[PDB]
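A single chain, nothing else alongside it, follows as structure tokens in the form solved without the RNA.
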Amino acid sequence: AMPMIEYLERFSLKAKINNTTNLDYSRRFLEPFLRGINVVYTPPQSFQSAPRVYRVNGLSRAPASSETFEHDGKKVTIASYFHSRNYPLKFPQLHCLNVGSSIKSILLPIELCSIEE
């Protein structure tokens, strides 16, 4: 598993990667580029889930700092969602990956995604 963040830094930015770097604009322009890819999502062990390969429809219309999602009739934000799940996000203020389907969109920051070499 090659960290998708590593891919972004080396290939997408050609510079330094971080939330302090303008990966936001890279996120928005890479949307069609990632639309139709497969990534291995490495879940924090608080999730108790196995590294799952998700099919990327694309990227979310909003950054994970603003993106709320319905989980059991309750909406929370992905930034706080991972943070309380014992995974402090390094890219919380950036767009989240949209995998799965239109009916149920799995939104996960590309920080936790790895690309299968």
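So that there is no doubt, residue numbering starts at 1 and follows the sequence shown.
Although it is not shown, the form deposited with the RNA bound is what the next lines describe.
Peer 1: Can you confirm whether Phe47, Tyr81 and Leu108, the three residues that make up this candidate site, all sit within 4.5 Å of the RNA in the deposited complex, judged by heavy atoms?
Peer 2: So, yes: the whole triplet contacts the RNA.
Peer 1: So which of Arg61, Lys90, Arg55, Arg52 reaches within 4.5 angstroms of the RNA in the deposited complex, heavy atom to heavy atom?
Peer 2: After the contact test, the surviving option is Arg52.
Peer 1: Going by a heavy atom distance of 4.5 Å, is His71 a contact of the RNA in the deposited complex?
Peer 2: Contact with the RNA, yes.
Peer 1: Please determine whether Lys104 contacts the RNA in the deposited complex, using a 4.5 Å cut-off between heavy atoms.
Peer 2: Looking in the deposited complex, residue contacts with the RNA include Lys104, since a heavy atom lies within 4.5 Å.
Peer 1: Using a 4.5 Å cut-off on any heavy atom, which residues of 26-46 would contact the RNA in the deposited complex?
Peer 2: Heavy-atom contacts to the RNA in the deposited complex: only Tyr41.
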